[PDB]
């Protein structure tokens, strides 16, 4: 009797999982769902969840079944029924389930309490506009104050999710010493509960420095085994609570020296968490530089790491490059240059260039290493070396101008826009140093169209610069390029700047000389720094995807 | 917070789907499929921002795991939860494979329902998860008289099956079943424990000495063979049936004066073995008066006693061709005869098991006498008898 | 014109590859793999006229076989689908039953049937009875 | 019968993993190599068995580089089966050799000098199934000698027609046009029906190449078609495909007629119109069989007739009936019929004779676009909706395109947004709706919009000079949204930098707040966007003299002057110098003109064509 019904239910579940529509047996399954076996009840609930995921309008008749299951003595079955009913998307399902939701608030079971918290979070989205939503939130907050780790963790997570709405209430929770209570609960909770409670507490603003010091002392040994999640959340809350004055007790250095080892050792997991940890440590180093002071050898990427890990490790080594470690980083970059990967080689040579810009003393060594790399004669290596040379020239003027021909000797073929832009800029600025400028511009003015806008605009500005430098040998050339830019190119930016130059040169050449050919300031070791305000705001969201995307939360939601 | 979870195969088919948050839809599924499965030159990165929707992806052999989010999610938490789920799956049914996922759909749905709800990755401890999960996955990697002496240690394994089939004239099979009985003769000395390994190929009366404790490893049956011949086991399988013969009767009502029927038999087994005693009974209308036939193989004669045409074949090999054309004269009659369209009956025996049962290994180990298993002469032959082999016409 | 004719199976093995234009060595295998990937995903409640690259294939399921003719963009759609059905019916009345085993064990007969009713990329013959008569008259002659 | 193949394939099929299969296949290859070398293998049957086994070895997926001379030796034989196997092996395995190709050509030339249809047909199939320069060179003047009015059977005639077709397809310059055109054209009127099929295929290809040569065939094709469509219930029963008389031949004849202009003779045109009317009426009749194949034949003939009518574009009543039939098919139970009807109506909508009739079915087209939720059918619905768009009907079409773009999979997102942009640009009555549509596209798709949609919208806003105020306004109240795509950032920067004065009157739209929001959006953008914002800043320097101090304090910081990008650093230093010199006699002149943009080449259409 019942065995045949169970077999039929299992067959229907298998058929639904296969892909066939089994809505014909839906009334039969609903009728047979009224049973007493735990396995049969769980299977029926799973089948109902699968079937009502897309058609919840026809499942409104299951209100009586849900009410009957909510009266079962077994707490697990009641929790399962509440969780299943909480995801129903109807205008009257929430109103009918509010009373069971109110009754489920006071339950003597951690699983039932967790299900009630999840149901409250779900009901926050739908039919939550009157004082009923406030009452449910207050009931959930009251249920949060329990010794069970599961209930407090789930209530904190639900409240944090509901805090997306901003009715002038900053999460409408917490209290004095409630931070200490939450820390104790986390000490008594599991890994995910720790993550949730740290995320909730990272938005708290301590009234005085005593609370911040207590939080830092408590969360100091909170280097759990959840890999990047809990460690990074703790680091975020530690730096968010790092408001003590520098002229105070020696706790700033102690906190930094306690925070450094877990952050250094966090880069030991799977490549995916390694990526997140690398971006987070990039942000931390850019904000606070005195943490990874003497751990440059840690970021030496092995041969078993993927491309993104390699590139971000290269970026963090650029950020951590200093005078003492010049030899090590240069040797590492030289070794990395032969890693076959085109993008990784590009990143390595860019790292060499940015390290040359960063350190003034090691410019000669960087130039020598670049010249040695030229001997490889690899086309993309040569192109990226030309780009790096253009980058260096803006930092050191008229100092390494005699080494350009060495790279240009074997650079006959150019296939990348960046190399073309670099060559054109070098020619435009150093028009007198190289007499083949006219021929080079004549060669470049063949594929003026069907090229990147960077190349187009760099060529335009370099042509105008050369004309302002050598008017007798280039009109009859500037007219052609300006006509192509403002009569054949549809770019409003390009055309607008073309008319800018057209009306500047035709009004006052002295003004053009004093404006276009002005002495450009030095690069000032521009190492892709983030704006201080944006960086400070991003420190407040280290754990979330804001750090991985390097964007404030307002830019994507 | 976490907006769902998906598992993809190498072809880009959505094996399972779970959509907890309302915002995520089939658009996200298609976006992820296009942007990772059909990736051409994009730089590899675990998380990609497409249509303001993040996509965390983790590779496990030929199985793609995807976590779709549309919120400021803790980035490391999703990866940690994915690793925990991978560990749980490994502890449940070993390495993640296509067959393991396909055979354990219900288990996977239950696991995703229990470990995760509304996007909050609840506790995934093995002890805690065991209580809340009741489904188990599928893994795919007669007493004998004392003091009896025999001159030579020899035994026989005769596997006999009866095959039944009912096909529509269009060639569609409705239902088939094979009733098989295994009778073996054991003319061996001593009382040894022997291991008999064979391919199961089916999921399950049994003999008194038969114990199915280790039935989960192919067969792994152990028994002490009683003296003389006895029925080792009786069974009936309906899942994997290898039909040895196919009969396609091409009837043709050429007017009422006569009736022409053409019948073809097609063997679909290995030609390295020969079928014997091929017998086909061709029904005829009761108003038959004279029939002349042309047979490529064997001979056929008309039997007016039973009102049917009997077709006899000495023997034929596998993958052979045979054609019989019969012209049946019809009496004038009035109406309502219609020949009643009885089915086409055939009789045959083949030297292989239609059910596909095959003996894998048969080792005899004796601790006391300590004779080599290879020294035991073993003869195994198959005779598959034909039951009601009916084809509608 | 017809680019190629394929008779695949559920797994992916090609039981008959017949190309009417010069493809490369790995190009044939890539085309077979991508055609299988395209065809297998779809089901009965879908159009049989699925386009890809610069061509379009005409796939039609039959038991455990996926007959596929790849035609040009401008070529008609339904006519080649019915040509596929006619070819399937000629095979059905020739072997008395179409199945993977008969195609595997009689590949040269399948090739001569295809070349009988599909030559140089166009439809050589459109009838069943006449093709069967001409093939039987050219079967007893040895 | 053959015995070795049965056992060999039976053994090789039921094999273990590729190791055992490779071992068995290599053992068989070694055995066949030993058998080929020496020994008394002069018997033809042994060579047959070995060649067939080797052919199966090749087709299994393994490479074969031997057993070719001993296989081409099979051709010189009197047994039919040996010749067939040799020809099949030559067709399957093709190699470039001098002696081998010459021997094959000699064998085929000897074969063609026969008197039985079987050998000639086999040789023709061998020639046409592979194709080569040597075959065309040695048989350019032999195939027409078969196709000419000689005593040849019908089967070899069909084979020769298709072989000449293949040779022309592969060797166009090696096919003459001697005094056999007058025979092939009249061959279309010959008895039998497959012969007419082959002749129609060859004539269709040749006319597609050289239309003027086969002008005589149009009347014969019309007569044959008119005789076929209405002949009898069971006339020529060999060719009635499920009560539909010769669907493939009718399709071929209609394809041949499609490649020609309308017939000049009034009688021929009258017969063609009568035949088309009969085809349509028979398509409107109830089916003679409940099967789906009869409907498939009728609908194939019908769609070919509709394509012919569309191509001719000469009969208005016929086109109206065609549109009515397509509208009736648009709701058909079949799935193939809906897709094909959508494609045919997309083709038909370009014809001006029934544009209103096409536009009448827009409700059904939209319901199809929204209902079956397929991937190809909905794409065809999108194309068809793009086809009928006009000035009076642009609003509903664009709204439905946007609604579809909301839930469309992102693979086809680029084509849809390009189509919406071009439709809004081309069929706009008031350009305020065009600006609204472009901004809706930017907000909705954003990531997949184009390279050149915002180019076009900026060009239109600058040129028209009448929608500038509303464009600048809607841009201003769109920029302050929480999350906005960077394309909107570029468009807003340019539009504000060009027309900040038109909205400067409103205190809520003061230049200070505009500059503040632009700078807020400046921090998180790519390099080209920052360049655009710098150009907007220098425009604001003179356009708003009051915000000059704030702008100068903005771009004089180390963020822009010390930047590591050449473009940004150069722009910042030039703009700062222009502000610092403060002559004001040059700045107002240079940064105020921006004359309107001429329509270069309509790049959106070029990109749309190149993508498809």
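Chains as they are written, first to last, in our numbering: chain R, 37 to 593; chain Y, 252 to 644; chain B, 17 to 158; chain A, 18 to 629. The beta carbon of each residue, even a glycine, is placed where N, CA and C say it ideally should be.
Determine whether the beta carbon atoms of residue 119/B and residue 32/B lie at a separation below 9 Å.
Residue 32/B sits close to residue 119/B, with the two beta carbons spaced by under 9 Å.
Going by C-alpha to C-alpha distance, which of 188/A, 212/A and 219/A sits closest to residue 198/A?
Looking at the Cα atoms, 219/A is the closest of the given residues.
Counting only the same chain and skipping the five closest in sequence on each side, list residues whose C-beta sits under 7 Å from that of residue 587/R.
Excluding residues within five positions, none has a Cβ falling inside 7 Å.
In chain Y, which residues lie with their C-beta within 7 Å of the C-beta of residue 112/B?
Listed along chain Y, the residues sitting closer than 7 Å to residue 112/B by beta-carbon distance are 499, 515 and 517.
With a CB to CB cut of under 7 Å and the five nearest residues on each side skipped, what residues in its chain are close to residue 548/A?
Cβ neighbours of residue 548/A beyond the five flanking positions: 584, 585 and 588.
Could you check whether residue 563/Y and residue 530/Y sit closer than 9 Å to each other, using their CB atoms as the reference points?
Their beta carbons are under 9 Å apart, which means residue 530/Y touches residue 563/Y by this criterion.
Name, in chain order, the residues that DSSP records as bridge partners for residue 320/Y.
As a beta-bridge residue in DSSP terms, residue 320/Y pairs with 305/Y.
Checking 9 Å against the spacing of the C-beta atoms, do residue 564/A and residue 539/A come in under that value?
The answer is no: Cβ separation not under 9 Å.
Rounded to whole angstroms, what's the CA-CA distance from residue 351/A to residue 62/B? Just pull it up for me.
It is roughly 10 Å from the alpha-carbon of residue 351/A to the alpha-carbon of residue 62/B.
For residue 521/Y, decide whether its Cβ has a neighbour in chain A, counting only Cβ atoms nearer than 9 Å.
Chain A, which has a Cβ nearer than 9 Å to the Cβ of residue 521/Y, makes this yes.
Own chain residues within Cβ distance below 7 Å of residue 316/A, not counting five before or after
The beta carbon of residue 316/A lies closer than 7 Å to those of 354 in the same chain, with the five residues before and after it left out.
Proximal chain A residues relative to residue 490/R, where beta-carbon distance stays under 7 Å:
Against residue 490/R, the close residues of chain A are 584, in the order they occur along the chain (beta-carbon pairs closer than 7 Å).
If you draw a straight line from the alpha carbon of residue 422/A to that of residue 44/R, how long is it in whole angstroms?
Their Cα atoms are separated by approximately 42 Å.
At 3 residues or longer, what runs of the beta strand (DSSP E) sit wholly inside the segment 98-151 of chain R?
Along the length of the segment 98-151 of chain R, whole beta strand (DSSP E) runs at least 3 residues long do not occur.
Evaluate residue 135/R with the Cβ neighbour count: other Cβ atoms within 10 Å of its Cβ, from every protein chain shown; 16 or more gives buried, anything less gives exposed.
When all chains shown are included, residue 135/R counts as exposed.
Given a limit of 8 Å on CB to CB distance, which residues of the segment 117-134 of chain B reach chain A?
Contacts with chain A (Cβ-Cβ distance below 8 Å) from the segment 117-134 of chain B involve 120, 121, 123, 124, 127, 128 and 131, listed in chain order.
On a CA-only basis, which of 460/A, 238/A and 98/A is nearest residue 496/A? Give me that one, please.
For residue 496/A, the nearest C-alpha among the options comes from 460/A.
Rounded separation between residue 540/Y and residue 555/Y - CA only:
For residue 540/Y and residue 555/Y, the distance between alpha carbons rounds to 9 Å.
Using only the alpha-carbon positions, how far apart do residue 151/A and residue 601/Y sit?
Distance between residue 151/A and residue 601/Y, taken at the CA atoms: about 54 Å.
Contacting residues, own chain, Cβ-Cβ under 6 Å from residue 583/R (five flanking each side not counted):
Listed in chain order, the non-local C-beta contacts of residue 583/R below 6 Å within the same chain comprise 315, 316 and 319, local neighbours out to five positions each way being set aside.
What three-state label does DSSP hand residue 567/Y in the structure shown?
The answer is strand: DSSP assigns residue 567/Y an E or B state.
What are the boundary residues of the beta strand (DSSP E) that residue 24/B is part of?
Start and end: 18-25.
Could you pull out every residue in the same chain whose Cβ sits closer than 8 Å to the Cβ of residue 196/R, ignoring the five residues on either side in sequence?
Close CB contacts of residue 196/R within its chain, under the 8 Å cut and outside five residues either way in sequence, are with 207, 232, 235 and 236 (chain order).
Using a beta-carbon distance cut-off of less than 8 Å, what residues from the segment 392-425 of chain A approach chain B?
Listed in chain order, the positions of the segment 392-425 of chain A with a beta carbon within less than 8 Å of a beta carbon of chain B are 393 and 394.
Positions along the segment 91-113 of chain B whose CB lies within less than 8 Å of some CB in chain A
Legend: CB atoms of the segment 91-113 of chain B lying less than 8 Å from CB atoms of chain A belong to residues 92, 93, 94, 95, 97, 98, 99, 101 and 102.
Assuming residue 334/R is part of the beta strand (DSSP E), what are its boundary residues?
That residue, residue 334/R, is in no beta strand (DSSP E); it is neither H nor E in DSSP.
What is the rounded straight-line gap between the Cα of residue 161/R and the Cα of residue 137/R?
Residue 161/R and residue 137/R have their alpha carbons spaced roughly 15 Å apart.
Compute the Euclidean distance between the alpha carbons of residue 473/R and residue 463/R, then round it to the nearest angstrom.
Spanning the two alpha carbons is a distance of roughly 6 Å.
Going by the CB atoms, is the gap between residue 268/Y and residue 313/Y shorter than 9 Å?
Taking 9 Å as the Cβ cut-off, residue 313/Y and residue 268/Y do not qualify as a contacting pair.
Do residue 274/A and residue 297/A have their C-beta atoms closer together than 9 Å?
In this structure, residue 274/A sits away from residue 297/A, with a CB-CB distance that is not shorter than 9 Å.
Output yes if chain R places a C-beta closer than 9 Å to the C-beta of residue 124/A; else output no.
So, not an interface residue.
Kindly give me the distance between the Cβ atoms of residue 517/Y and residue 112/B, rounded to whole angstroms, as I take these residues to be in contact under 8 Å.
With a Cβ gap of about 7 Å, residue 517/Y and residue 112/B count as contacting.
Inter-stretch contact at 8 Å, needing at least 3 Cβ pairs: the segment 459-466 of chain Y / the segment 402-422 of chain Y
Between the segment 459-466 of chain Y and the segment 402-422 of chain Y, the count of Cβ pairs shorter than 8 Å is below three; the stretches do not touch.
How big is the Cα-Cα spacing for residue 150/B and residue 77/B?
Using only the alpha carbons, I get a separation of about 28 Å.
Short-range partners of chain B found in the segment 252-283 of chain Y, where Cβ spacing is below 9 Å:
Identification of residues in the segment 252-283 of chain Y having a C-beta nearer than 9 Å to some C-beta of chain B yields 262, 263 and 264, given in sequence order.
How about residue 84/B: is its C-beta nearer than 9 Å to some C-beta of chain Y?
Taking Cβ atoms only, chain Y never reaches closer than 9 Å to residue 84/B, which makes this a no.
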